[PDB]
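Beneath this line is the structure, given in structure tokens, with notes to follow.
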Amino acid sequence: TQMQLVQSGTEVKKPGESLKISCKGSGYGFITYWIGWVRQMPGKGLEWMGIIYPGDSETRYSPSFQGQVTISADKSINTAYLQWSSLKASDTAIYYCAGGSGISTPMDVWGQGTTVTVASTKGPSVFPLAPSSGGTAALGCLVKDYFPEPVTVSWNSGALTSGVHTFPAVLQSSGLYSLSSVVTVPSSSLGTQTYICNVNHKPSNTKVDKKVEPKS
Amino acid sequence: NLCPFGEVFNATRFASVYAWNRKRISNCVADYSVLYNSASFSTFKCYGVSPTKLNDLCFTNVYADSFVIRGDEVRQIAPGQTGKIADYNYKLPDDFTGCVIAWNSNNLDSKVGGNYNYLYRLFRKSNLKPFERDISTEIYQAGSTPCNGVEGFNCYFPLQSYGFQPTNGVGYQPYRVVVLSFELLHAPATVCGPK
Amino acid sequence: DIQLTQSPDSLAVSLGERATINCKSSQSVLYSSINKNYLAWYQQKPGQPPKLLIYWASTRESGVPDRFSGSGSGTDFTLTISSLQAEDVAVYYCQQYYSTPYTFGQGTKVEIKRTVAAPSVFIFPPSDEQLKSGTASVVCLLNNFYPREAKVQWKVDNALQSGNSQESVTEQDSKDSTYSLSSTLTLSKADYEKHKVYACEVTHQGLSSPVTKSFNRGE
């Protein structure tokens, strides 16, 4: 490979705090590379923020990000930086750094992105979606009122992946996320097999195992 | 038949920016990896072209422009710049395709009594067109009265010398600059990469 | 300042057929020195950084199949995926790198065009545990269907509900190319105990008649 861009880890910050994420180029010929920053909000397209030439720190910004962020660089360690002074909730996105030898050249190398989260937390309430009473019956778990994304849901401690649909979360009008994860199973299993959904929510340190069974 | 980038980059004597020197690169294989794998360059800004991606590319001709300026003025060797060097000495077009390579040459182009062989143009009645070279030494008429090739009141000699002393701070010490430009016409290509 | 507009926003093409995406620039991107247009094409998939497919309007980047090809000049450019394959389903952006600021297109979603499939419909009453907290969530599931379009109408004692439900659709399944949908009716514990029949009426292309699933509160 000619160049590889490693990026700093995932950031969970509070509104108002400052933040500085890095992007280190690993490879020879870095003297010729220009590093840009691309923001991708959750579920949205790609926004080019700016670009910097580390050799002399020439910096160009997009008009949508001029004065909102500061793109610096440390040419002694082949590292480019992107920093905020006061984080807003509207800064929650994934930030890719992209490089390319030269300016007005294609960005042909990308890092795997740095996901930034500017948010308060709340653990989810887990409620059972019990099956109703030949063929196959469906059941699930309702994961409601949590912030922020994501929550990870698995069944039987990960021993039931076949036929599972964990729906993408939607933002309720209360500002909290709601989500449902359902699984279809043979109808004769409801009398024997135990069905447990495991809901993990890292930001709130909550782990819930919920027993699902038909309502007698 | 490797391209003679050595006799351009390691030329014992460079040239003043007002009389910048151009080397025509033709009928040779150019291994640009020697350029960007070198650890002895301060600036390597390429525009509209990727130096790591053209060792499998061909061009009709490649031009190597070399001169000497000071550190404050290296940023002026770029498209869309203004100043003494960009307007009166060496201008790049807005759609410039090539690289601007520069490195500090204080160990070479400085003398204890001050190096005064490198000159730059201070005045001119109009800005330079891209890749234009003016070497005239006509007296610049700055006022209403016309000079008859005589230097005097509102009548300036157009060339001033750099004061390259080894004790100058960074930005006033000399930098040697090489500008590689690439053209591609509807004509045979003679400068290709080793691939 | 150059602005890019892609078209179409969404594109469904059958396996092995030709997909074409158009990109319009508000300004030329032609360098005169080297007769090349400074337009690039990127592909992005979930959880992955963008992948460069084509640069200089019509030059293929390494690691790109031969079936990707670009064309165009001036202000109209085209990305062409001939013989569309399974792993070609992604979002495609056109980027200009003529001058800063770099700008992207809005994005073009490319999906494979399957046969219609009716959804299996289920309905779930709210749990007794949630009712102690004062809220009631009624979930209606539409499992494994195509196409995505499907009207879901909540009915509470035969009264059409509006402005109190949210829908969510899964990603297209890799094996059978089907979606799944969950509609969630939310109302207070008081309002939930005022009525008896909670119904979910699903209208879909694969159903010759609207399928309704319902339950009576506490039975």
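Identifiers in this document derive from the order of the structure tokens: chains are assigned A, B, ..., residues are numbered from 1 separately in each chain, and ligands are numbered from 1 in order of occurrence.
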For a quick test of understanding: name the residues of chain C lying within 8 Å of chain A when counting only C-alpha atoms, and present them as a compact mmCIF listing (two decimals) with N, CA, C and O atoms, in the first residue's frame.
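Saved result, selection_5.txt, follows:
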```txt
# COMPACT_ATOMS: atom_id res chain seq x y z
N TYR C 38 -12.32 16.69 -14.10
CA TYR C 38 -11.97 16.37 -12.72
C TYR C 38 -13.24 16.01 -11.94
O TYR C 38 -13.74 16.77 -11.11
N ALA C 40 -15.10 12.50 -9.99
CA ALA C 40 -14.88 11.18 -9.43
C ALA C 40 -16.20 10.54 -9.02
O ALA C 40 -17.21 11.22 -8.82
N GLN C 48 -18.87 1.38 6.43
CA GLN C 48 -17.65 1.32 5.64
C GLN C 48 -17.32 2.70 5.10
O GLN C 48 -18.22 3.50 4.82
N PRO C 49 -16.04 3.02 4.95
CA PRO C 49 -15.65 4.29 4.35
C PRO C 49 -15.92 4.28 2.86
O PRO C 49 -16.02 3.21 2.24
N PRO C 50 -16.07 5.46 2.24
CA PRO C 50 -16.32 5.50 0.80
C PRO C 50 -15.18 4.87 0.01
O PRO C 50 -14.01 4.98 0.39
N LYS C 51 -15.53 4.21 -1.08
CA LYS C 51 -14.57 3.54 -1.95
C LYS C 51 -14.51 4.28 -3.28
O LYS C 51 -15.54 4.50 -3.92
N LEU C 52 -13.30 4.67 -3.68
CA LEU C 52 -13.12 5.34 -4.96
C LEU C 52 -13.23 4.32 -6.09
O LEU C 52 -12.48 3.34 -6.12
N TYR C 55 -12.11 7.93 -11.35
CA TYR C 55 -11.64 9.31 -11.31
C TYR C 55 -11.34 9.76 -12.73
O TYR C 55 -11.32 8.96 -13.67
N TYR C 97 -13.38 17.34 -7.94
CA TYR C 97 -12.14 17.82 -7.35
C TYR C 97 -11.45 18.80 -8.29
O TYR C 97 -10.22 18.87 -8.34
N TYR C 98 -12.25 19.56 -9.04
CA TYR C 98 -11.71 20.60 -9.90
C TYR C 98 -11.07 21.71 -9.08
O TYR C 98 -9.92 22.11 -9.33
N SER C 99 -11.78 22.20 -8.07
CA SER C 99 -11.26 23.22 -7.18
C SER C 99 -11.92 23.08 -5.82
O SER C 99 -13.00 22.50 -5.69
N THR C 100 -11.24 23.60 -4.80
CA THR C 100 -11.84 23.66 -3.48
C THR C 100 -12.86 24.80 -3.42
O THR C 100 -12.68 25.83 -4.07
N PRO C 101 -13.94 24.64 -2.64
CA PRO C 101 -14.26 23.47 -1.80
C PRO C 101 -14.76 22.25 -2.57
O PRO C 101 -15.62 22.39 -3.44
N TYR C 102 -14.22 21.08 -2.25
CA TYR C 102 -14.73 19.83 -2.82
C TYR C 102 -16.20 19.66 -2.46
O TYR C 102 -16.63 20.01 -1.35
N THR C 103 -16.97 19.12 -3.39
CA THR C 103 -18.40 18.92 -3.18
C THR C 103 -18.81 17.55 -3.69
O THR C 103 -18.24 17.02 -4.64
N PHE C 104 -19.81 16.98 -3.03
CA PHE C 104 -20.37 15.68 -3.37
C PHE C 104 -21.77 15.84 -3.96
O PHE C 104 -22.43 16.87 -3.79
N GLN C 106 -25.76 14.37 -3.97
CA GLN C 106 -26.64 14.04 -2.86
C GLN C 106 -26.71 12.54 -2.60
O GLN C 106 -27.12 12.13 -1.51
N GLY C 107 -26.31 11.72 -3.55
CA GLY C 107 -26.30 10.28 -3.37
C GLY C 107 -27.38 9.60 -4.21
O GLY C 107 -28.48 10.13 -4.39
N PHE C 122 -48.52 -9.73 11.94
CA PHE C 122 -48.76 -10.06 13.34
C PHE C 122 -49.06 -8.79 14.11
O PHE C 122 -48.74 -7.68 13.67
N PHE C 124 -49.18 -7.31 18.36
CA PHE C 124 -48.81 -7.57 19.74
C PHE C 124 -49.46 -6.54 20.65
O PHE C 124 -49.31 -5.33 20.42
N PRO C 125 -50.18 -6.96 21.68
CA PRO C 125 -50.71 -6.00 22.66
C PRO C 125 -49.60 -5.52 23.59
O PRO C 125 -48.54 -6.15 23.67
N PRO C 126 -49.81 -4.41 24.29
CA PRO C 126 -48.80 -3.96 25.25
C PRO C 126 -48.72 -4.91 26.44
O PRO C 126 -49.71 -5.51 26.86
N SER C 127 -47.51 -5.03 26.98
CA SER C 127 -47.29 -5.89 28.13
C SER C 127 -47.95 -5.30 29.38
O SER C 127 -48.22 -4.10 29.46
N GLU C 129 -46.45 -5.12 32.18
CA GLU C 129 -45.42 -4.35 32.86
C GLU C 129 -45.40 -2.90 32.37
O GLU C 129 -45.28 -1.97 33.18
N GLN C 130 -45.53 -2.70 31.06
CA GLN C 130 -45.54 -1.34 30.52
C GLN C 130 -46.77 -0.57 30.97
O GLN C 130 -46.72 0.66 31.10
N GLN C 166 -45.39 5.25 14.61
CA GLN C 166 -44.14 5.35 13.87
C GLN C 166 -43.86 4.02 13.19
O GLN C 166 -44.15 2.95 13.74
N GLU C 167 -43.27 4.09 12.00
CA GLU C 167 -42.92 2.91 11.24
C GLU C 167 -41.40 2.76 11.16
O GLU C 167 -40.66 3.75 11.25
N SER C 168 -40.95 1.52 11.00
CA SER C 168 -39.53 1.22 10.88
C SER C 168 -39.37 0.03 9.95
O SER C 168 -40.09 -0.97 10.10
N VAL C 169 -38.44 0.13 9.01
CA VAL C 169 -38.22 -0.90 7.99
C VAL C 169 -36.80 -1.44 8.12
O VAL C 169 -35.85 -0.67 8.29
N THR C 170 -36.66 -2.76 8.03
CA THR C 170 -35.36 -3.39 8.12
C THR C 170 -34.58 -3.19 6.82
O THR C 170 -35.10 -2.72 5.81
N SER C 180 -38.84 -6.01 6.16
CA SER C 180 -39.76 -6.23 7.26
C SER C 180 -40.06 -4.88 7.91
O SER C 180 -39.18 -4.02 8.01
N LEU C 181 -41.31 -4.69 8.33
CA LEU C 181 -41.77 -3.41 8.83
C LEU C 181 -42.43 -3.58 10.19
O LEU C 181 -43.15 -4.56 10.43
N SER C 182 -42.20 -2.61 11.07
CA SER C 182 -42.83 -2.56 12.38
C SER C 182 -43.50 -1.20 12.55
O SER C 182 -42.83 -0.17 12.44
```
Find the spatial neighbours of region 77-84 of chain A, counting only C-alpha atoms, within a cut-off of 10 Å - ignore same-chain residues fewer than 6 positions away - and output them as a VMD selection string. chain A and resid 5 to 8 16 to 27 30 to 31 33 to 37 49 to 55 57 67 to 71 91 95 97
Kindly save the residues from that selection, with N, CA, C and O atoms included, as a compact mmCIF listing (two decimals), in the first residue's frame.
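In the end it all went to part_6.txt:
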```
# COMPACT_ATOMS: atom_id res chain seq x y z
N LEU A 5 -4.38 5.49 6.43
CA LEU A 5 -4.78 6.52 7.38
C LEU A 5 -5.46 5.87 8.57
O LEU A 5 -6.58 5.35 8.45
N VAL A 6 -4.80 5.88 9.72
CA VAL A 6 -5.39 5.39 10.96
C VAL A 6 -5.99 6.58 11.70
O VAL A 6 -5.42 7.68 11.70
N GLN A 7 -7.15 6.37 12.30
CA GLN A 7 -7.88 7.43 12.99
C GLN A 7 -8.04 7.10 14.46
O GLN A 7 -8.00 5.93 14.86
N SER A 8 -8.23 8.14 15.26
CA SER A 8 -8.40 7.97 16.69
C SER A 8 -9.71 7.24 16.99
O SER A 8 -10.58 7.07 16.13
N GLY A 16 -20.75 21.01 25.06
CA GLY A 16 -19.95 22.09 25.58
C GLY A 16 -18.47 21.77 25.68
O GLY A 16 -17.64 22.68 25.62
N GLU A 17 -18.14 20.49 25.85
CA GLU A 17 -16.74 20.09 25.96
C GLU A 17 -16.02 20.26 24.62
O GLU A 17 -16.64 20.32 23.55
N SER A 18 -14.70 20.34 24.70
CA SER A 18 -13.86 20.38 23.51
C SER A 18 -13.45 18.97 23.12
O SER A 18 -13.57 18.02 23.89
N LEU A 19 -12.95 18.83 21.89
CA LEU A 19 -12.59 17.53 21.35
C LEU A 19 -11.57 17.71 20.24
O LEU A 19 -11.66 18.66 19.47
N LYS A 20 -10.59 16.80 20.18
CA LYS A 20 -9.60 16.81 19.11
C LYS A 20 -9.36 15.37 18.68
O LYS A 20 -8.85 14.56 19.46
N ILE A 21 -9.73 15.05 17.44
CA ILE A 21 -9.52 13.72 16.87
C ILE A 21 -8.37 13.81 15.87
O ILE A 21 -8.11 14.86 15.28
N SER A 22 -7.68 12.68 15.69
CA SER A 22 -6.46 12.64 14.91
C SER A 22 -6.61 11.70 13.72
O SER A 22 -7.55 10.91 13.63
N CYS A 23 -5.65 11.81 12.80
CA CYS A 23 -5.61 11.00 11.59
C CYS A 23 -4.16 10.91 11.16
O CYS A 23 -3.61 11.88 10.64
N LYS A 24 -3.54 9.75 11.38
CA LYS A 24 -2.11 9.57 11.15
C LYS A 24 -1.89 8.78 9.87
O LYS A 24 -2.42 7.68 9.71
N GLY A 25 -1.10 9.35 8.96
CA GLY A 25 -0.77 8.66 7.73
C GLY A 25 0.42 7.74 7.93
O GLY A 25 1.46 8.15 8.46
N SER A 26 0.27 6.48 7.51
CA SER A 26 1.30 5.46 7.66
C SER A 26 1.76 5.04 6.27
O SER A 26 1.04 4.33 5.56
N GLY A 27 2.94 5.48 5.88
CA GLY A 27 3.49 5.14 4.58
C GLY A 27 4.49 6.18 4.13
O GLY A 27 4.58 7.28 4.67
N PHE A 30 4.65 10.73 2.34
CA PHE A 30 3.61 11.53 2.97
C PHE A 30 3.80 13.03 2.73
O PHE A 30 2.86 13.80 2.92
N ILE A 31 5.00 13.44 2.31
CA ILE A 31 5.26 14.86 2.05
C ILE A 31 4.33 15.39 0.96
O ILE A 31 4.03 16.59 0.93
N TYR A 33 1.13 14.38 0.40
CA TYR A 33 -0.28 14.09 0.66
C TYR A 33 -1.00 15.29 1.27
O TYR A 33 -0.45 15.99 2.13
N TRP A 34 -2.23 15.51 0.81
CA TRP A 34 -3.16 16.44 1.43
C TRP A 34 -4.25 15.64 2.12
O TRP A 34 -4.80 14.70 1.53
N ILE A 35 -4.58 16.01 3.35
CA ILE A 35 -5.56 15.29 4.15
C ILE A 35 -6.81 16.14 4.28
O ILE A 35 -6.73 17.31 4.69
N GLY A 36 -7.96 15.56 3.95
CA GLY A 36 -9.24 16.20 4.12
C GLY A 36 -10.08 15.50 5.17
O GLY A 36 -9.81 14.38 5.59
N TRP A 37 -11.14 16.19 5.59
CA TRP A 37 -12.07 15.70 6.59
C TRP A 37 -13.48 15.73 6.02
O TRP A 37 -13.92 16.75 5.48
N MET A 49 -15.58 18.81 4.74
CA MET A 49 -15.37 19.89 5.71
C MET A 49 -14.21 20.79 5.31
O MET A 49 -14.37 22.00 5.19
N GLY A 50 -13.03 20.20 5.11
CA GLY A 50 -11.88 20.98 4.74
C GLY A 50 -10.73 20.09 4.34
O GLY A 50 -10.88 18.87 4.23
N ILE A 51 -9.57 20.71 4.11
CA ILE A 51 -8.37 19.99 3.71
C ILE A 51 -7.16 20.79 4.19
O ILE A 51 -7.23 22.01 4.35
N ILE A 52 -6.06 20.09 4.44
CA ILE A 52 -4.84 20.71 4.93
C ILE A 52 -3.64 20.00 4.32
O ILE A 52 -3.63 18.78 4.16
N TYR A 53 -2.62 20.79 3.95
CA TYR A 53 -1.35 20.23 3.51
C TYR A 53 -0.38 20.29 4.67
O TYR A 53 0.07 21.39 5.03
N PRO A 54 -0.03 19.16 5.29
CA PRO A 54 0.80 19.21 6.50
C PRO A 54 2.18 19.81 6.29
O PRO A 54 2.80 20.25 7.27
N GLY A 55 2.69 19.86 5.06
CA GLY A 55 4.04 20.34 4.84
C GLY A 55 4.23 21.79 5.22
O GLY A 55 5.29 22.18 5.71
N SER A 57 1.03 23.51 6.36
CA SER A 57 -0.22 23.78 7.08
C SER A 57 -1.13 24.75 6.33
O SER A 57 -1.88 25.52 6.95
N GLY A 67 -14.83 28.47 10.45
CA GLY A 67 -14.99 29.00 11.78
C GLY A 67 -15.68 28.08 12.77
O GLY A 67 -15.65 28.36 13.97
N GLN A 68 -16.28 26.98 12.31
CA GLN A 68 -16.93 26.04 13.21
C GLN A 68 -15.97 24.97 13.71
O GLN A 68 -16.17 24.45 14.82
N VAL A 69 -14.95 24.62 12.93
CA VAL A 69 -13.95 23.64 13.31
C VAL A 69 -12.57 24.20 12.98
O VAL A 69 -12.43 25.20 12.28
N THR A 70 -11.54 23.54 13.51
CA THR A 70 -10.16 23.93 13.28
C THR A 70 -9.37 22.71 12.83
O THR A 70 -9.23 21.75 13.60
N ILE A 71 -8.86 22.74 11.61
CA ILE A 71 -8.09 21.64 11.03
C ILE A 71 -6.62 22.00 11.13
O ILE A 71 -6.13 22.86 10.40
N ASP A 91 -23.30 17.97 16.35
CA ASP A 91 -22.00 17.50 15.90
C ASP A 91 -21.88 15.98 15.93
O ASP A 91 -20.85 15.44 15.52
N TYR A 95 -16.77 10.84 11.31
CA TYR A 95 -15.83 11.74 10.65
C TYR A 95 -14.73 10.92 10.00
O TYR A 95 -13.92 10.29 10.70
N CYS A 97 -11.33 10.85 7.65
CA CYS A 97 -10.24 11.60 7.05
C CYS A 97 -9.82 10.91 5.76
O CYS A 97 -9.71 9.68 5.70
```
List the spatial neighbours of region 56-71 of chain B as a PyMOL selection string - criterion: any atom at most 9 Å away, only C-alpha atoms, same-chain residues fewer than 6 positions off excluded. chain B and resi 5+8-9+14-27+85+104-105+109+118-120+162+164+170-195
Residues of chain C within 7 Å of chain B, counting only C-alpha atoms, as a list in words: residues 31, 33 and 34 of chain C
For residue 114 (chain C), list every protein, DNA or RNA residue within 9 Å, evaluated using only C-alpha atoms, and leave out those in the same chain fewer than 3 positions away; present the list as a PyMOL selection string. chain C and resi 14+117+146-147+176-178
Could you name the residues that touch residue 108 (chain C) at 9 Å or less, counting only C-alpha atoms, but leaving out those on the same chain fewer than 5 positions away, as a list in words?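 Returned residues: residues 6, 7, 8, 9, 10, 11, 21, 90, 91, 92 and 93 of chain C.
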Expected file contents, prior selection, N, CA, C and O atoms, as a CSV table (one decimal), in the first residue's frame:
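Resulting contents of result_26.csv:
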```
chain,number,residue,atom,x,y,z
C,6,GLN,N,-27.2,14.7,-8.5
C,6,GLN,CA,-27.3,13.4,-9.1
C,6,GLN,C,-28.8,13.1,-9.4
C,6,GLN,O,-29.7,13.8,-9.0
C,7,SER,N,-28.9,12.1,-10.3
C,7,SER,CA,-30.3,11.6,-10.7
C,7,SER,C,-30.1,10.3,-11.3
C,7,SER,O,-29.2,10.1,-12.1
C,8,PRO,N,-31.0,9.3,-11.0
C,8,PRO,CA,-32.1,9.5,-10.0
C,8,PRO,C,-31.6,9.3,-8.6
C,8,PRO,O,-30.4,9.0,-8.3
C,9,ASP,N,-32.5,9.6,-7.6
C,9,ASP,CA,-32.2,9.4,-6.2
C,9,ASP,C,-32.2,7.9,-5.9
C,9,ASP,O,-31.3,7.4,-5.1
C,10,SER,N,-33.1,7.1,-6.5
C,10,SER,CA,-33.2,5.7,-6.2
C,10,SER,C,-33.3,5.0,-7.6
C,10,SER,O,-33.9,5.5,-8.5
C,11,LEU,N,-32.7,3.8,-7.6
C,11,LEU,CA,-32.6,3.0,-8.9
C,11,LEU,C,-32.7,1.6,-8.6
C,11,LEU,O,-31.9,1.0,-7.8
C,21,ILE,N,-26.2,6.0,-13.7
C,21,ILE,CA,-26.4,7.2,-12.8
C,21,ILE,C,-25.9,8.4,-13.4
C,21,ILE,O,-24.8,8.4,-14.0
C,90,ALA,N,-25.5,-0.4,-3.2
C,90,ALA,CA,-24.8,0.6,-2.3
C,90,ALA,C,-25.3,2.0,-2.7
C,90,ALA,O,-26.1,2.1,-3.7
C,91,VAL,N,-24.8,3.0,-2.1
C,91,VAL,CA,-25.0,4.4,-2.4
C,91,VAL,C,-23.8,4.9,-3.2
C,91,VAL,O,-22.7,4.6,-2.9
C,92,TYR,N,-24.1,5.6,-4.3
C,92,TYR,CA,-23.1,6.1,-5.2
C,92,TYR,C,-23.1,7.6,-5.2
C,92,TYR,O,-24.1,8.2,-5.5
C,93,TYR,N,-21.9,8.2,-4.9
C,93,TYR,CA,-21.8,9.7,-4.9
C,93,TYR,C,-20.8,10.1,-6.0
C,93,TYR,O,-19.8,9.4,-6.2
```
Show which residues sit within 6 Å of residue 71 (chain C), as a ChimeraX atom specification. Count only C-alpha atoms, and ignore same-chain residues fewer than 3 positions away. /C:57-58,77-78
Deliver the residues from the most recent selection as a file, using N, CA, C and O atoms, as a short mmCIF file (atom, residue, chain, number, x, y, z; two decimals), in the first residue's frame.
```
data_model
loop_
_atom_site.label_atom_id
_atom_site.label_comp_id
_atom_site.auth_asym_id
_atom_site.auth_seq_id
_atom_site.Cartn_x
_atom_site.Cartn_y
_atom_site.Cartn_z
N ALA C 57 -13.31 11.28 -14.52
CA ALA C 57 -14.58 11.04 -15.20
C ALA C 57 -14.71 9.62 -15.76
O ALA C 57 -15.82 9.09 -15.82
N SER C 58 -13.59 8.99 -16.17
CA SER C 58 -13.71 7.73 -16.90
C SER C 58 -12.50 6.81 -16.71
O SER C 58 -12.24 5.97 -17.58
N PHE C 77 -22.24 13.87 -16.59
CA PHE C 77 -21.40 12.71 -16.38
C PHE C 77 -22.28 11.52 -16.01
O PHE C 77 -23.39 11.67 -15.50
N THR C 78 -21.75 10.32 -16.27
CA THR C 78 -22.54 9.10 -16.14
C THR C 78 -21.70 7.98 -15.56
O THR C 78 -20.60 7.69 -16.06
#
```
Would you mind listing, as an mmCIF file with N, CA and C atoms, in the first residue's frame, all residues of chain B that have at least one atom within 7 Å of chain A, where only C-alpha atoms are what counts?
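As written to disk, result39.cif reads:
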```cif
data_model
loop_
_atom_site.group_PDB
_atom_site.id
_atom_site.type_symbol
_atom_site.label_atom_id
_atom_site.label_comp_id
_atom_site.auth_asym_id
_atom_site.auth_seq_id
_atom_site.Cartn_x
_atom_site.Cartn_y
_atom_site.Cartn_z
ATOM 1 N N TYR B 36 9.611 11.787 -4.498
ATOM 2 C CA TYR B 36 8.793 11.791 -3.290
ATOM 3 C C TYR B 36 9.271 10.809 -2.227
ATOM 4 N N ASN B 37 10.193 9.901 -2.551
ATOM 5 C CA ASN B 37 10.816 9.093 -1.512
ATOM 6 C C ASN B 37 12.006 9.790 -0.869
ATOM 7 N N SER B 42 11.435 20.389 1.836
ATOM 8 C CA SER B 42 10.576 21.092 2.781
ATOM 9 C C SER B 42 9.129 21.137 2.311
ATOM 10 N N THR B 43 8.913 21.264 1.004
ATOM 11 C CA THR B 43 7.581 21.402 0.439
ATOM 12 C C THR B 43 7.505 20.614 -0.861
ATOM 13 N N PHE B 44 6.373 19.934 -1.067
ATOM 14 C CA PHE B 44 6.139 19.077 -2.224
ATOM 15 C C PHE B 44 4.647 19.167 -2.559
ATOM 16 N N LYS B 45 4.220 20.355 -2.979
ATOM 17 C CA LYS B 45 2.813 20.627 -3.252
ATOM 18 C C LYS B 45 2.526 20.378 -4.727
ATOM 19 N N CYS B 46 1.673 19.396 -5.007
ATOM 20 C CA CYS B 46 1.277 19.052 -6.363
ATOM 21 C C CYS B 46 -0.164 19.472 -6.608
ATOM 22 N N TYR B 47 -0.441 19.935 -7.824
ATOM 23 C CA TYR B 47 -1.732 20.510 -8.179
ATOM 24 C C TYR B 47 -2.296 19.778 -9.387
ATOM 25 N N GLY B 48 -3.520 19.275 -9.255
ATOM 26 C CA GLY B 48 -4.192 18.605 -10.352
ATOM 27 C C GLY B 48 -3.552 17.320 -10.827
ATOM 28 N N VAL B 49 -2.580 16.779 -10.092
ATOM 29 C CA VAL B 49 -1.913 15.551 -10.498
ATOM 30 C C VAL B 49 -1.370 14.881 -9.246
ATOM 31 N N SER B 50 -1.312 13.551 -9.269
ATOM 32 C CA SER B 50 -0.829 12.786 -8.125
ATOM 33 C C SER B 50 0.538 12.201 -8.439
ATOM 34 N N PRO B 51 1.599 12.626 -7.749
ATOM 35 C CA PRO B 51 2.938 12.106 -8.071
ATOM 36 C C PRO B 51 3.087 10.617 -7.827
ATOM 37 N N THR B 52 2.316 10.048 -6.903
ATOM 38 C CA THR B 52 2.377 8.619 -6.633
ATOM 39 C C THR B 52 1.603 7.789 -7.649
#
```
